[PDB]
């Protein structure tokens, strides 16, 4: 079978920069009859199905921006993004379309570098409905920050709290290349009502008191 090798596995660039990624095959993908290289490039943005970018190695699909260019022949192919935009954040796959089985490459993950950005923090006490059910979740949102490695810290009545905290980052944003994360402090209704002050912080601090 035909082995497709993509390089690099991933790379990070700033918007406006040029990017070149490689796709190599173990056998030639050149059709002798029509002299076309049956190599296909796909773009897969986070949470979306794969989208066709280039087919026949160099033929661009309708709708696809001109900044995407495929080239190469036989066993060596390249995808070039002339001026990377924030929306270009995706994994790029090449596919052997020459002969079955139509193997994929392992993909090239394109990530974006941008300027440092502080999060906008918002904290939410348990809702009345959840309290009625017997549970109590304190939810904190830290949105639109960069880089990804942010430090979220919880405090209960002025003392640091770590137990019952679950964090969850979004993928990098397609429009501003920032990250967002939720931090949820989960405890029982009784455990929640044994305390007054609740603090969520990144320093950027948000807090509330049960009065």
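Positions refer to the first chain, counted from 1.
The deposited sequence places 4 to 9 unmodelled residues between residue 202 and residue 203. Of the two segments, 54 to 62 and 182 to 190, the one listed with the higher mean B-factor is 182 to 190 (C-alpha atoms only). In this entry, the higher average B-factor at the C-alpha atoms falls on 191 to 199, of the pair 15 to 23 and 191 to 199.
Residue-level inspection of the entry shows that, of 40, 143, 69, 162, 162 has the top Cα B-factor.
Of the candidates 127, 83, 80, 103, the one whose C-alpha carries the top B factor in the deposited record is 127. Among the modelled residues of its chain, residue 88 has a C-alpha B-factor that falls in the lowest third according to the deposited record. For residue 48, the recorded CA B-factor ranks within the highest third of the chain. Only modelled residues enter the ranking. Per-chain ranking of the deposited C-alpha B factor places residue 97 in the lowest third.
Ranked within its chain, residue 166 lands in the middle third, by CA B factor from the PDB record. For residue 35, the recorded CA B-factor ranks within the middle third of the chain. Only modelled residues enter the ranking.
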